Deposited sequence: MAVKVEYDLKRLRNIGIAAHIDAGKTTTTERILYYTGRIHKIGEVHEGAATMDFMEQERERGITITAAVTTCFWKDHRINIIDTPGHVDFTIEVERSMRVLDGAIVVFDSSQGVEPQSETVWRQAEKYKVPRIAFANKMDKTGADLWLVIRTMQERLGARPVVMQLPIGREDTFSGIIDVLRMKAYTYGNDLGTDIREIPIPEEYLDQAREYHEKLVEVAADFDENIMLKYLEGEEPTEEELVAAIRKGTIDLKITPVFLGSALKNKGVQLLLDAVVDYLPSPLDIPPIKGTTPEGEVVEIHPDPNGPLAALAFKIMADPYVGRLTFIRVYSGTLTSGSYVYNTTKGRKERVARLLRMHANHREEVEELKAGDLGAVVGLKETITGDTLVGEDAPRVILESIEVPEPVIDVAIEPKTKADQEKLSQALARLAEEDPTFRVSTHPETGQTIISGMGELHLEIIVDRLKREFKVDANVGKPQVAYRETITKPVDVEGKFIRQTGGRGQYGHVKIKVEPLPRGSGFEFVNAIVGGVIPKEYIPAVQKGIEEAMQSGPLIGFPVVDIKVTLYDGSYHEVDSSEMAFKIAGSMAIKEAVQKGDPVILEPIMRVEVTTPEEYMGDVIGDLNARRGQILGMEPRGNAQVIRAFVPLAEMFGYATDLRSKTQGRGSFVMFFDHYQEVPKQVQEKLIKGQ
């Protein structure tokens, strides 16, 4: 750190660590930080490479977070529990890692655990993920006796003298392993051969290739998404972490290896953005932490150019200008202030005030391109009611704390009526008198609201119109079917009457309200429900029970498609049916299934559903 720090785009390693709950994602992160060393983004150094560890969403399912996290990072280290082989979230992260094309390597953690087995991992990877693993190391001892590791690419072994990580020594491959080892070396050379003509010829000739040669070939296959080097160890016992770190520099990609980010031009034509430090700056904000003692920290990833300390940058997705006060780099133990952050690098910036997650930041006379609160797409309303995306983009609303998820219904009429509101009273408040006659009528779906005043000859005193409208306005917030907002109607005030001294503003507000409660009740009202658009990812083995579930959930299948080794089914299913789904889709596809849905349209609840809802 600091002393003799080097840059180079080629020496950068922006990685993420993906894993199923309990696989050991954090414990390996802790160890990695502990080893390199002697926040949305922590940085460290290993063999002259800056490794930036981007923190990944713990809830492997929150697409917005997962989607974005895959864009800021360049390589992933998928961690497996060596006694479970591929697991649910692992498969999910896997498909995720593909829909975004992020090179990866795997780490079979927990080799010390009772039940641990490298082959269980390799096989399940091969079958569920449909991944081509490459065995790069072989264990020595097993379970309670695991205690060394064999580098089959280099044919070297390492033994660990304690569970503390303070005793490591290179040793000769034990005789009892020399052949399994010789076997895997060849399998590996064989694979490398698929990526370098030169290695095949030598393989064929019985010549042993150079480790530089092999490494490169595997690195190439890996960056190409062809193979998936597999490593193993025990984060908890301090066996294998350094070897894992060497692999990150050897095979994960640099910002130069992966392909250009693309963002849309100010007019609309998407252009690709190469990581050139000397070209227009363009950065993307991916996380906004509020430091308990430095304040709003904005974490960014720089795609092009150089962001310099104390400069003016332009947030293009907000049109605002911002001032970059300081630039920071989080480390294991400690922060470091920097003067600049060049392309392909990441850090935190102090000084932004209107920049929220997902915002693009181009500089001075840099072209305005768009690359895409902490946020979660929420919205507060009112007794609180925190509407949200799931469980326009906010059709499921919970209220306060206890209040269970409710589906945002709406109501309307189908037949135009011509009603009449009337208020007559002898309240303490003198004599109240209001009387309006209106014509309500249906408007095309989504047309909103339209109020027309058609009163002639001051039949209703001009000072009261605003009040009949405030009345109408209020009544509409709670239709008489199930009590949800009334929409898509056009009301025309066309007659009524008043009393010279009895009329009043409230008398006319009430009568506005009433005329409307009737209008809706008498215009053959309907309930409109949100129709979500879902995308269920199912291993084609289960692709029959699933579709069936959809159709039972008043769904309507659109199309199929393949996500490599799985099938993705698009459909429109009432959000009211999609309740609990996740819990019953796991069951339907043995946890190996996952969907994501987006509000699509509003449409009328079928008479039947209506009668149910109504009661």
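In this chain the deposited sequence has gaps in the coordinates at 39-66, 401-432, 443-447, 457-465, 690-691, listed in sequence order.
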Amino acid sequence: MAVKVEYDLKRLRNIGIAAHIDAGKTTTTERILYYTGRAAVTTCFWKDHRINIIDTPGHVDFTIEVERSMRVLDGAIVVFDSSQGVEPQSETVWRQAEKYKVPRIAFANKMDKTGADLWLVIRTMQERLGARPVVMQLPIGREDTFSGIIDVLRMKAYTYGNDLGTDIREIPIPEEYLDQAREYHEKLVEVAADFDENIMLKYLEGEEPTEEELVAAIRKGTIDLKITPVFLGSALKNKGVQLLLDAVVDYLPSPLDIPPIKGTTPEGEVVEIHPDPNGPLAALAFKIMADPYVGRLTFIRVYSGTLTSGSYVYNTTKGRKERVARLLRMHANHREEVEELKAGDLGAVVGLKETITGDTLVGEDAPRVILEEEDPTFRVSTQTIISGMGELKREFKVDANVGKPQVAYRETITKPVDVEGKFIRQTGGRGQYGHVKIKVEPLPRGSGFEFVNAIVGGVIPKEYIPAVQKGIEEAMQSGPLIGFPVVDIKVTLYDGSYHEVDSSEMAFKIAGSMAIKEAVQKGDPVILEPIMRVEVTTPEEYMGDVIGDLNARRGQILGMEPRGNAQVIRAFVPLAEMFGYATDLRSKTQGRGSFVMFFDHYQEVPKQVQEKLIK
From here on, numbers count along this sequence of modelled residues.
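Relative to one another, 195-203 and 541-549 have unequal mean CA B-factors, and 541-549 is the one with the higher figure. Of the two segments examined, 24-32 and 579-587, it is 579-587 that shows the higher average Cα temperature factor in the deposited entry. Note on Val398, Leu361, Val452, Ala108: the highest value goes to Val398, judged by CA B factor as recorded. Within the listed group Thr298, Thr377, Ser447, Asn315, the record reports its top CA B-factor for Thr377. In the PDB entry, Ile413 places in the lowest third of its chain by CA B-factor. Remark: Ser234 belongs to the lowest third of its chain, ranked by C-alpha B-factor as recorded. Annotation for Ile15: C-alpha temperature factor in the lowest third relative to the rest of the modelled chain, per the entry.
The deposited CA B-factor of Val66 belongs to the highest third of values across its chain. Per the PDB record, residue ranking by Cα B-factor puts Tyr184 in the lowest third of the chain.
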